[PDB]
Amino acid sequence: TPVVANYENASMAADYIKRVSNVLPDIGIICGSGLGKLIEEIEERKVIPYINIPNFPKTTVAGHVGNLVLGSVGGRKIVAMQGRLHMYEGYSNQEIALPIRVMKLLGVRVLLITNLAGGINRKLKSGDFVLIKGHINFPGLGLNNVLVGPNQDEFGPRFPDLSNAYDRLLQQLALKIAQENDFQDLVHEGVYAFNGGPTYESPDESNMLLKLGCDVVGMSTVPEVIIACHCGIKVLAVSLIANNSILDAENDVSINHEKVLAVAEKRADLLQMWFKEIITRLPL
């Protein structure tokens, strides 16, 4: 009744999308806030508002942009989510999962994701990038995993294994490209902690995450990764570090969304170029 992310409902959305554009995409992309410039450069693009697509989640309470964009990047066919859905806004498990399962039915085999996040590991500075190699899902441990509910068997198994959720060869490709352009000094690898949000982590929470072996903390990405891994889509996820929360606690410095967006502004053009090349070089 609130629309389950099942096979029938995802197929109705895919059918509408397929007859309004001619694109069969191979690659899906979800971009962090302030990091979406690539979506404006999509060639021969079709913009489809969420509100026009059967069974897509209602987003008018939050407002702001919400479109699916289809077209070509680097000669590859892609579908993009413009205006991300975050669980701290109150969206349900079924609302998060439906767009990813629609990507699957359209033919997406690889999903590329970027986000903004806080740095925990003392090696991370403002403006650095982290290739995510694993995660700690505090909502999942505490009975709010994105897959709680009946399993949708056509998409995947009841009990997924997440050992390979972050594709190893895609991490090596993203690192190689940073080396060819001489910005590998900005690129780290690390473990991502999912904090449901929307408050930033307190100083004592940051210090707990350091003891637990977390390198980065943020409020997104893990739900989409789990839905993708469930249905067999490979994932690359990159965090842009806004601040080092441990260092900020030692110096009594606050974090705010204005400072976050300025960091996004500083790195946006480098990230757009990086991901355009990753898309171009991605293995068939």
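We number the residues from 1 along the sequence you see.
Chemist: Regarding 94-102 and 173-181, which shows the higher C-alpha temperature factor on average in the entry?
Modeler: Between 173-181 and 94-102, it is 173-181 that shows the higher mean C-alpha B-factor.
Chemist: Look up the CA B-factors in the entry and say which stretch, 203-211 or 146-154, has the higher mean.
Modeler: Stretch with the greater average CA B-factor: 203-211.
Chemist: Check the PDB entry and point out which of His86, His135, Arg122, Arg76 has the largest C-alpha temperature factor.
Modeler: Highest C-alpha B-factor among the listed residues goes to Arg76.
Chemist: Based on the PDB record, which member of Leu240, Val217, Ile42, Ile226 exhibits the highest Cα temperature factor?
Modeler: Comparing C-alpha B-factors across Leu240, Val217, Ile42, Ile226, the maximum falls on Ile42.
Chemist: Select lowest, middle or highest to describe the third in which the CA B-factor of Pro139 falls within its chain in this entry.
Modeler: As the PDB entry reports it, the C-alpha B-factor of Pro139 lands in the lowest third of its chain.
Chemist: How does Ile278 rank on Cα B-factor within its chain, lowest, middle or highest third?
Modeler: It falls in the middle third of the chain.
Chemist: Please rank the C-alpha B-factors of the chain's modelled residues and tell me whether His230 sits in the lowest, middle or highest third.
Modeler: Its C-alpha B-factor belongs to the lowest third of this chain's values.
Chemist: Ranking the modelled residues of this chain by C-alpha B-factor as given in the entry, is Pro160 in the lowest, middle or highest third?
Modeler: Its C-alpha B-factor belongs to the lowest third of this chain's values.
Chemist: Would you mind checking where the Cα B-factor of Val3 ranks among the modelled residues of its chain, as the lowest, middle or highest third?
Modeler: For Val3, the deposited C-alpha B-factor lands in the highest third.
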